[PDB]
Structure formats: C-alpha cells, structure tokens
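Every residue, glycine as well, gets a Cβ built from its backbone with ideal geometry; the counts of neighbours run over all protein chains shown. Each value in this text was obtained by applying a stated rule to the coordinates, not by laboratory testing.
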Amino acid sequence: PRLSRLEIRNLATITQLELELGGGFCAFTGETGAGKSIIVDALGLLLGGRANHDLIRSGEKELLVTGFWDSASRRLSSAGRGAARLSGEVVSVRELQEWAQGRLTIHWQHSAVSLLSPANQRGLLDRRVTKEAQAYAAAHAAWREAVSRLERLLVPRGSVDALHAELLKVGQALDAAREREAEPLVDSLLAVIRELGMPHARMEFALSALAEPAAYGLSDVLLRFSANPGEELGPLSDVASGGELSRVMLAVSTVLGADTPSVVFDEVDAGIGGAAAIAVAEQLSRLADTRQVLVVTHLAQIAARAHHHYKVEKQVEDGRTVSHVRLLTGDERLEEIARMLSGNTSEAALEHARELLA
C-alpha cells in the first residue's frame, strides 16, 4: 500500500506539484534541497509533524499537502491555523499522526516515534525472546487480578504474594533471555553499520532495573550507540550527524525490517562517499525489496540503484524560479548518473554510468 501520489501546493519553491511516484527505491536528484522539501518537509506534515509556517511559499497565504496511498492532507494557513484530513474528513492532528505513522517513516527527523521511541527500542530485543516475554505478560496479568480482588476487600493476601513471586521469578527469566539474545542481535546490526562509514561503531542493549515491575518487565531496555572509536556509548539521539542517525536507521531497517510500507531517509549520504556510499546504496536496494524507500541524494552510486530515478528541476513561472519534478526514462537517466559523477557526459562517464546502473 505504497504512497502512490503526492500533491504539494505553495510549499517553499513549489507552486503546484503533482507527483505520481511509486515502486521500491525512489531516488530524487537534481535540486536536492528542493527534493528534501518534497520528501522530508512535505511528507513530514502528513506525519503530523510541527506546523512549520516557514514552509509556506514566500508570497502565498496557505499551503496544502495531499497524499494518496486512502488519502491524508495537511493545510497550513498564514493566518496561523490549518487543518488535517483523513480521506476528506477534517480530523485532529493527533489522529493524523496515529494514522500516518502506520504508513510513513521519516528517518533522522522522525525516528523518535519509530525506532528510537522508548517502547520500540525495547521491542527490538523483546521480539527475539517472545516466549519469555509472553511468559512475563501472563504472569503480570494474573498478578493484577489478585491485586484487584485484594483491593476489593486481618484479611488474607496469600495468593497475591505467590503470584508476585512468580512475577519476579519469570521477570528475571526475561532479563536473562534479554541479555542472552542481546549480543547476537547487536552483532548482526554492527555487521552492517560498520560498512556504512562507521568502521569502529560500538553498540549495546542496556537493561535498567526498575523500582517496581512494569507491564513489560522488571527492567527498561535501552539501545546505546557510539559512532566513533574515541566516543562513549549513549542514546542514538546523541549521534553528531543526522546522516549518521539515518545510516544507523537504515541498517536496523534492513536487518530487522521496516514497520511501514514507505520509509524516508534524509542525508544518509551526508558525510560518506566511495566504498561507504556503495554499501549504503546496497542496503537501500534491499530494503526496497519489500518497501518503498524515498531518498534524496547527490551521489551517483545511490541514484543508480533506484527503481525510479526522479530529477528535481527548475523552471521560471511568473518571473519566479520554481521546482519541477519528472521521471528519467533510461538513456536520460544514464545521462544524469554521468552528470552526477563528472558533472557532464564524458565517454568515460557513460562507461562508469553503465556499470553503476548494472
């Protein structure tokens, strides 16, 4: 159920943009900043993101972003208001978020409600030990019944104390499974991450013991990461580069899978190149075997692996240079790839382009 169509009106450098985009790996090249507005900035609004009025075109009163998979829309008004819609129905932004978060994932900018959320960091590990986790859940639920009944009432509490013993007993079994399955899981992620321009990345799952039992266990499960050799581990939110976060999100996404039909990465080509850039294009390609991945890129290595190569271009319209997008046919695409390497076609550029595409 990919994002089939995208309509943007009066957003930044875009007067009117109707984009039929679909498939697996979609690459946006050309005017990269413009591409970001389409893919990161615009789609961000559909996700129920901030109401950034800076996004409204320079001399315009209001912008509109419609997306078709079912439709969702976000309208920002220079007045100070706006509106969200789900299939033509004025809904609340909170509902737009809950709905769109089942369809879209934008990385770096919106990893917070995806994999970096406290609930999902834990989920990563807990879906490797479902048996133990379900064992806890059952124990915890049964214990809540005992506590409930006991509250409904010198008075015996014999059952609730036995159940609480199981709860801790089982709860500890869970932590043991967690720590057990953590290393192999961290190892599989690092295997990929270290090929994406972070050869000395370190990563671990940390269990934090809770004061009281949670519905999800006896401990908090946190994901800690350091990109460089000299650095100390820490939250993934503490990576110095947005691009680095994106590339770590990519790795996790291909290794363990994405949870939405469409995923967006911004800047995953940021601070890398050469070998590192090829490894990224390869991971993107694989994630696209099951998903629609939308990236804006300036590296021919990445573009050449796209199922669809879009070029963001510039045209004058009412004396103003606006943005325009269009699919690349094949030979036109080959030309673009060469331009991205050599900045203009050179028999060798075409020869390098030929290989990148194949």
Would you be able to tell me the number of residues in segment 323-358 that are crowded, with 17+ Cβ neighbours inside 10 Å and in a strand (DSSP E or B)?
3
Taking into account only those residues within segment 1-51 that are of a type in the set (S, T, N, Q) and out of contact with any helix residue (DSSP H, G or I) (no Cβ under 8 Å at 6 or more places or on another chain), which is surrounded by the fewest Cβ atoms within 10 Å (Cβ to Cβ)?
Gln16
What do you reckon, is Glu195 part of a helix (DSSP H, G or I), within 41 Å of the chain's Cα centre (by Cα), closer than 30 Å to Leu124 by Cα and not small (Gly, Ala, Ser)?
no
Select from segment 182-208 the residues that are surrounded by fewer than 18 Cβ atoms within 10 Å (Cβ to Cβ) and in contact with a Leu (Cβ under 7 Å, 6 or more places away or on another chain) and write down the one among them that is nearest to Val252 (Cα to Cα).
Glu204
Contacts under 6 angstrom Cβ, first residue in segment 140-156 being surrounded by 15 or more Cβ atoms within 10 Å (Cβ to Cβ), partner of a type in the set (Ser, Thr, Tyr) and part of a helix (DSSP H, G or I), 6 or more apart:
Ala146/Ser159
Given the condition at negative phi and in a loop (DSSP other than H, G, I, E, B), answer yes or no: does some residue in segment 212-219 qualify?
yes
Limited to segment 158-181, what total is found for residues that are over 24 Å from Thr130 (Cα atoms), surrounded by 14 or more Cβ atoms within 10 Å (Cβ to Cβ) and not hydroxyl-bearing (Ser, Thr, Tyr)?
1
Filter segment 69-86 down to the residues that are surrounded by fewer than 16 Cβ atoms within 10 Å (Cβ to Cβ) and of a type in the set (D, E, K, R), then identify the one that is farthest from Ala51 (Cα to Cα).
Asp70
Out of the residues in segment 87-112 meeting the condition of being within 21 Å of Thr290 (Cα to Cα) and polar (S, T, N, Q), tell me which one is surrounded by the most Cβ atoms within 10 Å (Cβ to Cβ).
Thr105
